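Enquirer: Just dropping in an experimental structure and the matching sequence.
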Amino acid sequence: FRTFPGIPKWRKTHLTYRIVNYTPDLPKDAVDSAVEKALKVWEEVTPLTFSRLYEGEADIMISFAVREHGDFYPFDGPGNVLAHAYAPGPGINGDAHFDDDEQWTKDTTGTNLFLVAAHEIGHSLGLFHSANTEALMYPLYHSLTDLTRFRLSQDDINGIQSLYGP
Ligand SMILES: CC(C)C[C@H](CC(=O)NO)C(=O)N[C@@H](CC(C)C)C(=O)N[C@@H](Cc1ccccc1)C(N)=O
Ligand SMILES: [Ca+2]
Ligand SMILES: [Zn+2]
Ligand SMILES: [Zn+2]
């Protein structure tokens, strides 16, 4: 698949992200916080260091839409998941649009801009898709591992242990 070694299309252990827009269901700042947390443990695992936009383009920049836009996995509307993204290279390199349609939350679930952010931050680089418990590749927004020490996927091992190449 994607990912590894020495990192994809940016050989620096100092990368960035940017919420292009923000869907104004949770605070803009809370949707940013949903993403920004994702980053936070992605940086614990790989040697990389993510943060909001330094300059220019980024690794993964995230917009907001869904309500029948025509992209990847869009428009299932509030509740479910919904980053309807593209990989590192594909889209606006590392692209993700969060169900703008939602009513961003954490009713244990509903939807949290947070985990699809991980599914996006991750989807871009290349640990993209697997089937394990602790993983960000795990099926949904009942994020077991929780982003504090999010010990991501089994592909996160054979992906993020590449990212940290430098
Ligand atoms: C952790 C999550 C953010 C990413 C995962 C896993 C993945 O990589 N899919 O490609 C996901 O997209 N799961 C979707 C698959 C698809 C819709 C994109 C899903 O199962 N969504 C749940 C949403 C949900 C939420 C609340 C309750 C129950 C279910 C569903 N529609 O069954
Ligand atoms: Ca949804
Ligand atoms: Zn879109
Ligand atoms: Zn996926």
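Expert: Received the coordinates, thanks. Numbering: from 1, shown residues only. Ligands and ions are numbered 1, 2, ... in the order given.

Enquirer: In this structure, which residue sits closest to ligand 2?
Expert: residue 80 (3.1 Å; Cβ to the ion). From N, CA and C alone the C-beta is placed, and that goes for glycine too.

Enquirer: Follow the chain on from the longest helix along the chain and name the next helix or strand.
Expert: Secondary structure of the chain per DSSP state H: the longest helix is helix 28-45. Past helix 28-45, further along toward the C-terminus, the next helix or strand under DSSP states H and E is strand 60-64.

Enquirer: Say whether ligand 1 is contacted by the next helix or strand after that following strand.
Expert: Beyond strand 60-64 on the C-terminal side, the first helix or strand identified by DSSP H and E is strand 95-98. No. Figure legend: strand 95-98 not in contact with ligand 1 (Cβ under 6 Å from any ligand atom); closest approach 10.4 Å.

Enquirer: quick check, strand 95-98 touching ligand 3?
Expert: Yes. Using Cβ under 5 Å from the ion, strand 95-98 reaches ligand 3 at residue 97.

Enquirer: and the angle for the next helix or strand after that strand with strand 60-64?
Expert: Using DSSP H and E, the helix or strand that follows strand 95-98 in sequence is helix 113-125. Between the axes of helix 113-125 and strand 60-64, defined by axes from the mean of the first three to the mean of the last three Cα atoms, to 10 degrees, the angle is 140 degrees.

Enquirer: since we're on the residue nearest to residue 79 when sequence neighbours are not counted, how many residues are nearby?
Expert: Distance criterion Cβ to Cβ, 6 or more residues apart in numbering; nearest residue to residue 79, sequence neighbours excluded, is residue 110 at 5.3 Å. Counted by other Cβ atoms under 10 Å, the residues lying close to residue 110 total 15.
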